[PDB]
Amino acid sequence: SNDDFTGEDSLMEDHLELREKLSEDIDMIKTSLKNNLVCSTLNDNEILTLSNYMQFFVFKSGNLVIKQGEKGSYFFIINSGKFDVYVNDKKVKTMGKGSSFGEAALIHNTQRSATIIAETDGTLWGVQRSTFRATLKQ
């Protein structure tokens, strides 16, 4: 019970903003999914399904998105802003709009392998693990 509201589902819920997707949002989600090295083999219907279940998440500078060693619950596409990747406390890259992340824990069914921080204010499209894994499990 002490652990019920710790974890990605609780954290991301706190960053959710209800939003109608605009044409440019749909377009960018589709191109970004064609660009993830796990989703590059998805067909257009699989992409459309993922896109339908994407939600909008808003972050301020220095907010944590993913923490290395935790259970993963989401796959993300960067919509705006800059997100840094840290592997064992060393920053390995900075990602911007169109990049995606969070697939590895979900595919391998393992802990998050890096920490991702909003370096600037930024926004993400995120889909829950259930939909993501189901789309790949075929």
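Note that residue numbering begins at 1 and tracks the sequence as displayed.
Mean CA B-factor, 47 to 55 versus 88 to 96: the higher value falls on 88 to 96. Comparing the deposited coordinates for 108 to 116 and 76 to 84, the stretch with the larger average C-alpha B-factor is 108 to 116. In this PDB entry, the Cα temperature factor of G102 sits in the bottom third of its chain's modelled residues, the lowest group.
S130: CA B factor in the lowest third of modelled residues in this chain (values from the PDB entry). Looking at the C-alpha B-factors along this chain, the one for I66 belongs to the lowest third. Among the modelled residues of the chain, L16 sits in the middle third by CA temperature factor in this PDB entry.
The PDB entry assigns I29 a C-alpha temperature factor belonging to the lowest third of its chain's modelled residues.
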